[PDB]
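Step one of this worksheet: look at the structure below.
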Amino acid sequence: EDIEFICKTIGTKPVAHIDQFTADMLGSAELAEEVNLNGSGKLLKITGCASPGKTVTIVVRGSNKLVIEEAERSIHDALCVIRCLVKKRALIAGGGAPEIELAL
Amino acid sequence: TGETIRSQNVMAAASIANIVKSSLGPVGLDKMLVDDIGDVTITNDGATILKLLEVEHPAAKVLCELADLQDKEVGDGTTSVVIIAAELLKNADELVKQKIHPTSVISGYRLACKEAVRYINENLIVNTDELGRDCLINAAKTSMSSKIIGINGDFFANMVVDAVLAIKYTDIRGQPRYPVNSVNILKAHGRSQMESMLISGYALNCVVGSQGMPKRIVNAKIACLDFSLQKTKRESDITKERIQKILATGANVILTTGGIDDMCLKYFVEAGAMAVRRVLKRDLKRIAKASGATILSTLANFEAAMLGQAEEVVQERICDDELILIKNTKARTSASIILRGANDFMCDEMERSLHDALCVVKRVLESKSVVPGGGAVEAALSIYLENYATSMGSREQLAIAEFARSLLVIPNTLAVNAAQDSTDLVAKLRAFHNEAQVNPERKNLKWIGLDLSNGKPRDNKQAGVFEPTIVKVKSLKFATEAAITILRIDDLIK
Amino acid sequence: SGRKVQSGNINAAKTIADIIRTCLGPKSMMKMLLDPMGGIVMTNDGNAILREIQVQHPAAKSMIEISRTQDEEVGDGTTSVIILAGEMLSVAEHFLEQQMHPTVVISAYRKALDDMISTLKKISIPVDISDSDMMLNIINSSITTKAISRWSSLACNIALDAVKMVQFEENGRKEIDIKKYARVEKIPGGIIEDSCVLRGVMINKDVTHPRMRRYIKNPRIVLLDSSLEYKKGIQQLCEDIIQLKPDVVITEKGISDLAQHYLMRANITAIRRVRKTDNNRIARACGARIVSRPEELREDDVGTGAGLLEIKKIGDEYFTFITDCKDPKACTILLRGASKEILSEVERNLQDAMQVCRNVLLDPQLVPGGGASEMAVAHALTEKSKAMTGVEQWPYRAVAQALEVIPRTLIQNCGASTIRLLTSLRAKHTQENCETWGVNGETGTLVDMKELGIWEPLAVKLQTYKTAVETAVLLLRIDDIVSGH
Ligand SMILES: Nc1ncnc2c1ncn2[C@@H]1O[C@H](COP(=O)(O)OP(=O)(O)O)[C@@H](O)[C@H]1O
Ligand SMILES: Nc1ncnc2c1ncn2[C@@H]1O[C@H](COP(=O)(O)OP(=O)(O)O)[C@@H](O)[C@H]1O
């Protein structure tokens with residue numbers, strides 16, 4: 001399922017047979033190294049690419065799986081807020097002020 | 001059943017601490033780690049405990065992986081951070097059952113941690129200077145105590161400190177980075193252990209290669225070679241051609257790792273080279289880097305100045321042996337310490353004691369900012385934070401106060417692990433550090449450690465038990481972060 | 001929780017020790033092993049009892065491990081080690097309940113062990129080595145009460161001839177010795193008296209066609225793990241051998257007749273299908289070196305090995321009698337007989353006496369057994385404890401009190417009362433200055449130990465005491481076991 005995303009990111013065309021397999025048929029990257037974090041998990045760091053088109057990655061860490069999910073949800077919430085700023089151009093003050101104002 | 005996941009998580013924290021609570025300290029009791037297959041292990045340090053401890057509750061998993069993170073960051077302190085975190089969790093759970101909303105607790109804990117690290121970076125000890133030797137020799141003696149060498153242990157503690165000062169090798173960043181393997185072990189027979197002494201260079205016990213090689217050589221070029229010098233049936237027989245060719249390049253003192261030769265006598269007389277076999281591989285690599293040279297296998301055809309240096313090689317009677325006193329190399333790395341007596345079997349524990357004294361002294365030498373160990377830091381922090389909680393004045397007074405009270409569990413566990421009355425000893429420590437702040441003239445009362453030999457309050461800067469500042473700072477930070485993360489988790493009901 | 005796990009550990013130790021408490025001495029009470037298949041087992045050896053039985057408690061498993069190690073390290077006394085450990089833990093139980101930390105208890109135990117190590121050497125009687133008279137007395141004393149009663153002559157002569165054939169002068173004077181490099185040749189056939197001793201290594205493997213000069217006046221053995229082929233089209237090994245000109249070459253695979261003739265041209269005797277468990281002693285007896293890199297080949301590759309080789313055929317077996325080799329460090333002891341049903345135990349007792357001789361070289365000391373040494377060390381500890389102060393003195397006395405379990409069991413498993421005999425032994429031992437009386441094991445009657453004539457090597461008793469004390473401190477230093485089950 002991640003094949004399409006990887007091909008979109010690092011610009012690798014899919015290869016099904018050895019007949020038409022070449023280097024430019026794939027997508028190159030500046031650096032590809034594996035590191036160890038705390039000795040309990042190995043994450044590959046393919047840092048830098050020739051054409052990293054519309055893609056970033058953050059190694060979301062945390063105390064547990066679930067608080068890591070919380071950090072992911074926070075990041076996606078920020079992304080979606082930015083998207084809402086893009087689509088709709090109308091800003092209001094927050095922090096409970098709009099709710100109490102509209103209630104009054 | 002449970003009534004609050006806060007209670008369940010703090011019970012998990014209390015259990016995971018109580019498992020590892022006892023093992024803290026050099027006098028900690030070992031733990032019996034059984035597994036499914038029955039291959040049981042015994043250990044006394046918390047890192048080895050938590051690396052293979054079978055955990056089941058998610059809060060326990062979080063705590064143990066924070067512990068692993070701290071261990072991978074700074075090393076020592078896993079037990080301390082786990083214990084402090086569990087104490088903070090249980091105190092904060094009691095305080096939240098005291099009807100305090102947890103976010104105020106988190107804010108108070110963060111403020112207390114900030115104030116604590118600022119205090120530590122302000123009331124530490126900078127004794128790790130060239131003027132500090134009495135404290136260092138005292139620390140070496142105390143770590144070396146309880147042995148039959150205590151009569152002459154003073155000289156050993158005096159020689160180790162200035163040896164590691166001398167053998168200290170600076171790095172590319174202009175900071176002291178002592179290589180532990182630079183100091184090499186050395187056996188001796190005849191005279192007992194009280195006649196041992198410091199040698200500024202490695203001395204290998206081997207056969208006399210030749211007698212024409214003088215004690216001091218102005219120009220030495222180590223053309224170290226693995227192959228022996230023998231005649232068989234750039235040279236087919238490795239006896240003359242490469243040796244003379246590199247002599248033309250300037251190889252004067254050649255440390256031939258290979259075997260002896262029948263006609264090597266004249267060549268060693270005219271050049272001044274040695275042939276020594278059965279050289280320990282770590283010692284060979286150290287003398288290679290001490291002399292600033294690499295290991296050459298063959299010499300088939302660089303040779304200009306890369307060859308190593310052995311300026312002074314004393315050829316005399318040392319411990320009724322003709323040890324090759326290869327010293328004064330280009331890089332001050334090659335040295336060794338004699339171990340007299342009869343042989344190494346009974347003094348192997350003496351060898352390990354010398355190794356651990358070297359290790360603790362060299363760790364003290366690094367991390368120039370240092371703090372007194374043995375619970376003095378914890379008592380001083382408690383005294384500071386007790387006043388700071390009232391001075392700050394917002395609704396986090398209780399949070400900061402219980403953070404201060406929770407910090408005094410490390411002296412408690414050290415005291416109980418040393419068979420002494422925990423509460424009495426920690427109360428004595430607390431009262432001693434009260435004068436550090438209330439009395440402005442008692443400034444030099446801030447390092448009352450815990451002399452575990454007798455379990456009595458004692459000056460510790462003189463004693464010399466030391467902890468790197470970074471270790472304590474990161475330990476406190478990680479404990480506070482773990483406490484905040486666990487307290488921020490309550491989204492279950494059980 | 002807390003000390004409860006310590007109490008459980010020491011309870012397991014006590015309940016595993018007392019199982020075979022009664023099975024030591026010349027009148028050991030015999031035990032039952034009932035497998036859940038209807039079978040019934042006759043056994044006296046407590047070591048065999050514990051090996052056959054299986055237990056689940058991990059502390060008991062560790063004690064099984066230490067017992068096995070002591071069995072495979074110095075020899076006998078394993079039952080005594082287990083009994084001592086169990087008694088010391090049982091007596092430490094009372095102090096653990098006394099609400100004192102295990103640290104002070106183990107410190108007291110360490111000091112007591114240090115005192116015992118010295119007081120053992122204080123009371124040990126000197127012995128001489130190679131002195132046939134009282135060495136044979138020791139053979140009749142301790143090497144007996146095995147199945148060699150009617151055959152003690154063969155065991156004694158074998159031991160006395162083979163004491164000086166595995167000695168290693170590495171760092172001292174023959175104090176390094178092993179019982180494995182000796183060539184024991186246990187083959188049935190003929191009478192038991194056919195066993196002999198030879199100065200060399202024997203091989204049960206031999207060439208299929210020994211119609212050749214297998215023996216040379218000075219064989220130069222070189223180990224080689226490669227197998228010779230017909231030719232390069234490897235023959236190159238033949239010329240490589242020819243370069244240094246040896247006369248004997250060892251390989252682990254067969255050699256063809258054409259290859260055999262090629263090696264005859266190479267002036268070397270090819271030996272095939274050798275075994276590593278025999279190749280190691282071949283190299284030890286001959287000082288061989290193995291090397292195949294052409295650049296590293298030098299004059300040191302081939303060295304002098306045997307001195308007088310020969311091959312005979314006894315009992316239609318392709319023997320290989322290398323004798324009078326260079327190093328008398330891995331020599332031969334022959335083992336023949338009509339049947340092998342006891343000779344294995346015979347050679348086990350031979351290795352026991354070999355350890356006896358090796359430690360006699362280490363320390364020419366004998367301790368008065370039969371409870372004499374135990375009572376002597378207990379008395380020394382009790383009298384030394386009078387000056388001791390502090391709470392740690394009570395364990396320093398309880399270790400001595402619990403060490404008298406050996407004579408207690410000896411008296412118990414002979415019918416005699418275990419109370420009156422012990423009280424009489426203790427009371428008279430104190431007033432006695434340098435007597436060291438030891439209770440007879442058979443009659444269960446008090447007797448001066450010199451008259452009875454029983455002794456043990458100092459090293460074995462020292463190792464037993466050290467292992468018992470270290471087991472006690474290890475089992476008392478455990479604070480918790482929870483890591484799963
Ligand atoms: N000689 C000593 N006297 C008193 N306390 C000591 C001594 N040496 C070390 N300590 C204490 O040991 C504690 C750290 O040990 P620990 O955290 O158990 O090591 P690890 O993290 O490797 O398990 C420190 O707080 C220090 O006070
Ligand atoms: N004739 C004897 N009289 C008294 N005690 C004896 C006699 N023979 C052996 N013993 C006792 O037996 C003990 C040795 O038995 P042990 O080494 O435990 O046998 P194993 O190790 O084979 O179980 C010695 O301590 C010794 O006191």
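In the structure tokens, chains take letters A, B, ... by order of appearance, with residues numbered from 1 within each chain and ligands from 1 in the order shown.
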
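Among all protein and nucleic acid residues, the ones that lie within 6 Å of ligand 1 when counting only C-alpha atoms and all ligand atoms are residues 24, 25, 45, 46, 47, 76, 77, 78, 79, 80, 373, 374, 375, 450, 451, 452 and 465 of chain B.
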
Show me which residues are within 8 Å of ligand 2 counting only C-alpha atoms and all ligand atoms, and format the list as a PDB file with N, CA and C atoms, in the first residue's frame.
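Everything below was put into part.pdb:
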```
ATOM      1  N   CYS C  23      23.346 -39.752  53.166  1.00  0.00           N
ATOM      2  CA  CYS C  23      23.989 -40.697  52.254  1.00  0.00           C
ATOM      3  C   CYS C  23      25.474 -40.415  52.047  1.00  0.00           C
ATOM      4  N   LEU C  24      26.201 -39.992  53.078  1.00  0.00           N
ATOM      5  CA  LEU C  24      27.650 -39.893  52.985  1.00  0.00           C
ATOM      6  C   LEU C  24      28.283 -40.726  54.089  1.00  0.00           C
ATOM      7  N   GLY C  25      29.521 -41.141  53.852  1.00  0.00           N
ATOM      8  CA  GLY C  25      30.246 -41.942  54.807  1.00  0.00           C
ATOM      9  C   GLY C  25      30.325 -43.394  54.392  1.00  0.00           C
ATOM     10  N   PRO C  26      31.018 -44.206  55.192  1.00  0.00           N
ATOM     11  CA  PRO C  26      31.189 -45.622  54.851  1.00  0.00           C
ATOM     12  C   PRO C  26      29.958 -46.476  55.102  1.00  0.00           C
ATOM     13  N   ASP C  45      24.659 -42.878  45.651  1.00  0.00           N
ATOM     14  CA  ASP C  45      25.307 -41.602  45.361  1.00  0.00           C
ATOM     15  C   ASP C  45      24.274 -40.482  45.372  1.00  0.00           C
ATOM     16  N   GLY C  46      24.427 -39.543  46.308  1.00  0.00           N
ATOM     17  CA  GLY C  46      23.544 -38.392  46.342  1.00  0.00           C
ATOM     18  C   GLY C  46      23.626 -37.547  45.089  1.00  0.00           C
ATOM     19  N   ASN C  47      24.816 -37.451  44.493  1.00  0.00           N
ATOM     20  CA  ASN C  47      24.950 -36.750  43.222  1.00  0.00           C
ATOM     21  C   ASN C  47      24.062 -37.389  42.163  1.00  0.00           C
ATOM     22  N   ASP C  71      31.587 -31.375  41.474  1.00  0.00           N
ATOM     23  CA  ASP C  71      31.859 -32.755  41.089  1.00  0.00           C
ATOM     24  C   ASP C  71      32.869 -32.815  39.952  1.00  0.00           C
ATOM     25  N   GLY C  75      36.488 -33.265  42.509  1.00  0.00           N
ATOM     26  CA  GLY C  75      36.177 -34.655  42.774  1.00  0.00           C
ATOM     27  C   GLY C  75      35.048 -34.875  43.760  1.00  0.00           C
ATOM     28  N   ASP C  76      35.354 -35.508  44.888  1.00  0.00           N
ATOM     29  CA  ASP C  76      34.334 -35.926  45.841  1.00  0.00           C
ATOM     30  C   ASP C  76      33.932 -34.757  46.737  1.00  0.00           C
ATOM     31  N   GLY C  77      33.148 -35.053  47.772  1.00  0.00           N
ATOM     32  CA  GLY C  77      32.714 -34.053  48.721  1.00  0.00           C
ATOM     33  C   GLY C  77      31.459 -33.299  48.346  1.00  0.00           C
ATOM     34  N   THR C  78      30.851 -33.605  47.197  1.00  0.00           N
ATOM     35  CA  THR C  78      29.686 -32.845  46.750  1.00  0.00           C
ATOM     36  C   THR C  78      28.536 -32.951  47.745  1.00  0.00           C
ATOM     37  N   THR C  79      28.318 -34.139  48.309  1.00  0.00           N
ATOM     38  CA  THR C  79      27.302 -34.283  49.344  1.00  0.00           C
ATOM     39  C   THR C  79      27.627 -33.410  50.545  1.00  0.00           C
ATOM     40  N   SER C  80      28.900 -33.372  50.942  1.00  0.00           N
ATOM     41  CA  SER C  80      29.299 -32.518  52.053  1.00  0.00           C
ATOM     42  C   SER C  80      29.070 -31.048  51.726  1.00  0.00           C
ATOM     43  N   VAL C  81      29.352 -30.643  50.486  1.00  0.00           N
ATOM     44  CA  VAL C  81      29.115 -29.259  50.081  1.00  0.00           C
ATOM     45  C   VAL C  81      27.638 -28.916  50.206  1.00  0.00           C
ATOM     46  N   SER C 141      43.627 -45.911  52.649  1.00  0.00           N
ATOM     47  CA  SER C 141      42.762 -45.144  53.539  1.00  0.00           C
ATOM     48  C   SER C 141      41.573 -44.521  52.808  1.00  0.00           C
ATOM     49  N   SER C 142      41.844 -43.660  51.830  1.00  0.00           N
ATOM     50  CA  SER C 142      40.805 -42.892  51.151  1.00  0.00           C
ATOM     51  C   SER C 142      40.454 -43.439  49.775  1.00  0.00           C
ATOM     52  N   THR C 145      37.330 -47.960  50.093  1.00  0.00           N
ATOM     53  CA  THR C 145      35.864 -47.857  50.230  1.00  0.00           C
ATOM     54  C   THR C 145      35.190 -47.559  48.890  1.00  0.00           C
ATOM     55  N   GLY C 369      40.120 -36.095  58.848  1.00  0.00           N
ATOM     56  CA  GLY C 369      38.724 -36.228  58.494  1.00  0.00           C
ATOM     57  C   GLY C 369      37.899 -36.817  59.618  1.00  0.00           C
ATOM     58  N   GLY C 370      36.771 -37.410  59.236  1.00  0.00           N
ATOM     59  CA  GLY C 370      35.902 -38.046  60.211  1.00  0.00           C
ATOM     60  C   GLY C 370      35.412 -37.106  61.285  1.00  0.00           C
ATOM     61  N   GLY C 371      35.132 -35.856  60.929  1.00  0.00           N
ATOM     62  CA  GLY C 371      34.694 -34.869  61.887  1.00  0.00           C
ATOM     63  C   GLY C 371      35.797 -34.205  62.677  1.00  0.00           C
ATOM     64  N   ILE C 406      28.610 -32.476  59.629  1.00  0.00           N
ATOM     65  CA  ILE C 406      29.221 -33.672  59.045  1.00  0.00           C
ATOM     66  C   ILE C 406      29.423 -34.776  60.078  1.00  0.00           C
ATOM     67  N   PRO C 407      30.094 -34.545  61.214  1.00  0.00           N
ATOM     68  CA  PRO C 407      30.168 -35.613  62.222  1.00  0.00           C
ATOM     69  C   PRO C 407      28.815 -35.988  62.786  1.00  0.00           C
ATOM     70  N   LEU C 410      27.518 -38.434  60.362  1.00  0.00           N
ATOM     71  CA  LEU C 410      28.306 -39.661  60.446  1.00  0.00           C
ATOM     72  C   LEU C 410      27.872 -40.505  61.635  1.00  0.00           C
ATOM     73  N   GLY C 438      38.817 -37.836  65.680  1.00  0.00           N
ATOM     74  CA  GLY C 438      37.817 -38.032  64.641  1.00  0.00           C
ATOM     75  C   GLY C 438      37.051 -39.320  64.836  1.00  0.00           C
ATOM     76  N   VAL C 439      35.726 -39.212  64.792  1.00  0.00           N
ATOM     77  CA  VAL C 439      34.850 -40.345  65.064  1.00  0.00           C
ATOM     78  C   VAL C 439      34.994 -41.387  63.963  1.00  0.00           C
ATOM     79  N   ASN C 440      35.072 -42.653  64.367  1.00  0.00           N
ATOM     80  CA  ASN C 440      35.101 -43.747  63.408  1.00  0.00           C
ATOM     81  C   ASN C 440      33.775 -43.827  62.662  1.00  0.00           C
ATOM     82  N   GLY C 441      33.855 -44.032  61.346  1.00  0.00           N
ATOM     83  CA  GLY C 441      32.652 -44.088  60.536  1.00  0.00           C
ATOM     84  C   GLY C 441      31.902 -45.400  60.599  1.00  0.00           C
ATOM     85  N   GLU C 442      32.602 -46.512  60.825  1.00  0.00           N
ATOM     86  CA  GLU C 442      31.967 -47.826  60.826  1.00  0.00           C
ATOM     87  C   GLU C 442      31.286 -48.125  62.157  1.00  0.00           C
ATOM     88  N   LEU C 452      43.282 -44.211  63.477  1.00  0.00           N
ATOM     89  CA  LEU C 452      42.372 -44.634  62.418  1.00  0.00           C
ATOM     90  C   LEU C 452      43.018 -44.494  61.047  1.00  0.00           C
ATOM     91  N   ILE C 454      42.817 -41.822  58.504  1.00  0.00           N
ATOM     92  CA  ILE C 454      42.024 -41.301  57.398  1.00  0.00           C
ATOM     93  C   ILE C 454      42.366 -39.828  57.232  1.00  0.00           C
ATOM     94  N   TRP C 455      42.482 -39.380  55.983  1.00  0.00           N
ATOM     95  CA  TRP C 455      42.841 -37.996  55.718  1.00  0.00           C
ATOM     96  C   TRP C 455      42.278 -37.570  54.372  1.00  0.00           C
ATOM     97  N   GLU C 456      42.185 -36.257  54.186  1.00  0.00           N
ATOM     98  CA  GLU C 456      41.748 -35.664  52.935  1.00  0.00           C
ATOM     99  C   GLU C 456      42.747 -34.609  52.491  1.00  0.00           C
TER     100      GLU C 456
END
```

Could I get the residues of chain B with an atom no further than 10 Å from an atom of chain A, each paired with its nearest atom pair and that distance in Å to one decimal, using only C-alpha atoms, sorted by chain and residue number, as JSON lines?
```
{"residue": "B:51", "atom": "CA", "partner": "A:40", "partner_atom": "CA", "distance": 9.8}
{"residue": "B:58", "atom": "CA", "partner": "A:64", "partner_atom": "CA", "distance": 7.9}
{"residue": "B:59", "atom": "CA", "partner": "A:64", "partner_atom": "CA", "distance": 8.7}
{"residue": "B:61", "atom": "CA", "partner": "A:64", "partner_atom": "CA", "distance": 7.8}
{"residue": "B:62", "atom": "CA", "partner": "A:63", "partner_atom": "CA", "distance": 5.4}
{"residue": "B:63", "atom": "CA", "partner": "A:63", "partner_atom": "CA", "distance": 8.1}
{"residue": "B:64", "atom": "CA", "partner": "A:63", "partner_atom": "CA", "distance": 9.8}
{"residue": "B:65", "atom": "CA", "partner": "A:63", "partner_atom": "CA", "distance": 7.4}
{"residue": "B:66", "atom": "CA", "partner": "A:63", "partner_atom": "CA", "distance": 7.1}
{"residue": "B:68", "atom": "CA", "partner": "A:38", "partner_atom": "CA", "distance": 6.9}
{"residue": "B:69", "atom": "CA", "partner": "A:38", "partner_atom": "CA", "distance": 5.6}
{"residue": "B:70", "atom": "CA", "partner": "A:38", "partner_atom": "CA", "distance": 8.7}
{"residue": "B:71", "atom": "CA", "partner": "A:38", "partner_atom": "CA", "distance": 8.4}
{"residue": "B:72", "atom": "CA", "partner": "A:38", "partner_atom": "CA", "distance": 5.6}
{"residue": "B:73", "atom": "CA", "partner": "A:38", "partner_atom": "CA", "distance": 7.9}
{"residue": "B:481", "atom": "CA", "partner": "A:63", "partner_atom": "CA", "distance": 9.7}
{"residue": "B:482", "atom": "CA", "partner": "A:63", "partner_atom": "CA", "distance": 7.9}
{"residue": "B:485", "atom": "CA", "partner": "A:63", "partner_atom": "CA", "distance": 7.2}
{"residue": "B:486", "atom": "CA", "partner": "A:63", "partner_atom": "CA", "distance": 8.6}
{"residue": "B:488", "atom": "CA", "partner": "A:67", "partner_atom": "CA", "distance": 9.8}
{"residue": "B:489", "atom": "CA", "partner": "A:67", "partner_atom": "CA", "distance": 8.7}
```

Could you save the residues just selected, with N, CA and C atoms, as a tab-separated table (two decimals), in the first residue's frame?
```tsv
chain	number	residue	atom	x	y	z
B	51	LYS	N	16.43	-3.93	31.04
B	51	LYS	CA	16.60	-4.34	29.65
B	51	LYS	C	15.94	-5.68	29.37
B	58	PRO	N	0.97	-0.94	30.37
B	58	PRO	CA	1.49	0.12	29.49
B	58	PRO	C	2.24	1.22	30.23
B	59	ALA	N	1.79	1.59	31.43
B	59	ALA	CA	2.52	2.58	32.21
B	59	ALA	C	3.92	2.09	32.54
B	61	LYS	N	5.61	-0.02	30.71
B	61	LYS	CA	6.37	0.06	29.47
B	61	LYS	C	6.89	1.47	29.24
B	62	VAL	N	6.05	2.48	29.48
B	62	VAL	CA	6.47	3.86	29.30
B	62	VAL	C	7.63	4.18	30.24
B	63	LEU	N	7.50	3.81	31.51
B	63	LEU	CA	8.55	4.10	32.47
B	63	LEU	C	9.86	3.42	32.09
B	64	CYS	N	9.79	2.15	31.69
B	64	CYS	CA	11.02	1.44	31.38
B	64	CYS	C	11.66	1.95	30.10
B	65	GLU	N	10.87	2.42	29.13
B	65	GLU	CA	11.52	2.95	27.94
B	65	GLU	C	12.07	4.35	28.17
B	66	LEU	N	11.46	5.15	29.06
B	66	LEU	CA	12.14	6.36	29.51
B	66	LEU	C	13.45	6.03	30.21
B	68	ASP	N	15.35	3.40	29.62
B	68	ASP	CA	16.28	3.02	28.56
B	68	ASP	C	16.79	4.25	27.82
B	69	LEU	N	15.91	5.23	27.59
B	69	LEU	CA	16.33	6.47	26.94
B	69	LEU	C	17.38	7.19	27.78
B	70	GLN	N	17.16	7.28	29.09
B	70	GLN	CA	18.14	7.93	29.96
B	70	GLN	C	19.46	7.17	29.96
B	71	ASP	N	19.39	5.84	29.99
B	71	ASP	CA	20.61	5.03	29.96
B	71	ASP	C	21.39	5.25	28.67
B	72	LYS	N	20.69	5.26	27.54
B	72	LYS	CA	21.36	5.52	26.27
B	72	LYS	C	21.88	6.94	26.18
B	73	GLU	N	21.27	7.88	26.90
B	73	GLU	CA	21.73	9.26	26.86
B	73	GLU	C	23.00	9.45	27.68
B	481	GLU	N	10.09	14.77	32.99
B	481	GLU	CA	9.34	14.57	31.75
B	481	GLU	C	8.51	13.30	31.81
B	482	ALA	N	9.07	12.22	32.36
B	482	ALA	CA	8.31	10.99	32.51
B	482	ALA	C	7.12	11.19	33.45
B	485	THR	N	4.47	13.11	31.54
B	485	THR	CA	3.81	12.29	30.54
B	485	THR	C	2.83	11.32	31.18
B	486	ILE	N	3.23	10.67	32.28
B	486	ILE	CA	2.33	9.72	32.92
B	486	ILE	C	1.14	10.43	33.54
B	488	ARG	N	-0.15	13.07	32.59
B	488	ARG	CA	-1.00	13.59	31.51
B	488	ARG	C	-1.84	12.50	30.88
B	489	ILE	N	-1.73	11.26	31.35
B	489	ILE	CA	-2.47	10.13	30.81
B	489	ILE	C	-3.53	9.70	31.82
```

Open item on the list: With only C-alpha atoms as the counted atoms, please give the residues lying no more than 7 Å from residue 270 (chain C), apart from itself and same-chain residues fewer than 5 positions off, as a ChimeraX atom specification.
Closed with: /C:248-250,260,263

Task: Interface residues on chain B facing chain C, 6 Å, only C-alpha atoms, written as a PyMOL selection string - done: chain B and resi 29-34+232+419

TODO: Identify, on the basis of only C-alpha atoms, every residue whose closest approach to residue 199 (chain C) does not exceed 10 Å; exclude the query and any residue fewer than 3 positions from it along the same chain; express the result as JSON, numbers by chain.
DONE: {"C": [162, 165, 183, 202, 285, 321, 322, 323, 324, 325, 326, 327, 328, 329, 330, 331, 332, 333]}

Preceding selection exported with N, CA, C and O atoms as a short mmCIF file (atom, residue, chain, number, x, y, z; two decimals), in the first residue's frame:
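And here is the file that came out, result-v3.cif:
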```cif
data_model
loop_
_atom_site.label_atom_id
_atom_site.label_comp_id
_atom_site.auth_asym_id
_atom_site.auth_seq_id
_atom_site.Cartn_x
_atom_site.Cartn_y
_atom_site.Cartn_z
N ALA C 162 51.64 -42.87 36.76
CA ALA C 162 51.10 -41.83 35.90
C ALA C 162 50.97 -40.48 36.58
O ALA C 162 50.37 -39.57 36.00
N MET C 165 53.44 -37.75 34.41
CA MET C 165 53.27 -37.81 32.96
C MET C 165 52.26 -36.82 32.40
O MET C 165 51.99 -36.86 31.19
N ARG C 183 46.77 -40.36 28.09
CA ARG C 183 46.22 -41.32 27.14
C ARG C 183 45.75 -42.55 27.91
O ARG C 183 46.53 -43.46 28.19
N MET C 202 49.11 -43.09 22.05
CA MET C 202 48.66 -44.22 21.24
C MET C 202 47.43 -43.84 20.43
O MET C 202 46.57 -43.10 20.91
N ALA C 285 51.81 -34.13 22.82
CA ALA C 285 52.94 -35.01 23.04
C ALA C 285 54.09 -34.74 22.07
O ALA C 285 55.25 -34.98 22.41
N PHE C 321 51.73 -47.47 18.62
CA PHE C 321 52.44 -47.29 19.89
C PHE C 321 53.57 -46.28 19.71
O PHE C 321 54.71 -46.66 19.46
N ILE C 322 53.26 -44.99 19.85
CA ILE C 322 54.29 -43.96 19.94
C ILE C 322 54.77 -43.91 21.38
O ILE C 322 53.97 -43.73 22.30
N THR C 323 56.08 -44.08 21.57
CA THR C 323 56.67 -44.07 22.90
C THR C 323 57.95 -43.25 22.88
O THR C 323 58.56 -43.04 21.83
N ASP C 324 58.35 -42.79 24.06
CA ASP C 324 59.58 -42.02 24.25
C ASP C 324 59.61 -40.78 23.36
O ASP C 324 60.63 -40.46 22.74
N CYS C 325 58.49 -40.07 23.30
CA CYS C 325 58.41 -38.85 22.52
C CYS C 325 59.18 -37.72 23.21
O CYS C 325 59.79 -37.90 24.26
N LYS C 326 59.14 -36.54 22.59
CA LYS C 326 59.92 -35.41 23.09
C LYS C 326 59.43 -34.95 24.46
O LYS C 326 60.22 -34.82 25.40
N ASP C 327 58.13 -34.71 24.59
CA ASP C 327 57.57 -34.14 25.81
C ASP C 327 56.81 -35.21 26.59
O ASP C 327 55.80 -35.72 26.09
N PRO C 328 57.25 -35.56 27.81
CA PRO C 328 56.48 -36.48 28.66
C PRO C 328 55.29 -35.80 29.34
O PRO C 328 55.06 -35.97 30.54
N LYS C 329 54.54 -35.03 28.56
CA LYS C 329 53.40 -34.28 29.07
C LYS C 329 52.07 -34.92 28.74
O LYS C 329 51.10 -34.72 29.48
N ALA C 330 51.99 -35.67 27.64
CA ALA C 330 50.81 -36.46 27.28
C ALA C 330 51.31 -37.87 26.98
O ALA C 330 51.57 -38.21 25.82
N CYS C 331 51.43 -38.69 28.02
CA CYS C 331 51.93 -40.05 27.90
C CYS C 331 50.75 -41.02 27.89
O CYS C 331 49.59 -40.62 27.81
N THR C 332 51.06 -42.31 27.97
CA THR C 332 50.08 -43.37 27.85
C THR C 332 49.94 -44.14 29.16
O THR C 332 50.94 -44.46 29.80
N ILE C 333 48.70 -44.42 29.54
CA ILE C 333 48.40 -45.41 30.57
C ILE C 333 47.42 -46.42 29.96
O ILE C 333 46.35 -46.04 29.48
#
```

Task: Residues near residue 53 (chain C), cut-off 10 Å, only C-alpha atoms, skip fewer than 2 positions along chain, as a PyMOL selection string - done: chain C and resi 33-35+47-51+55
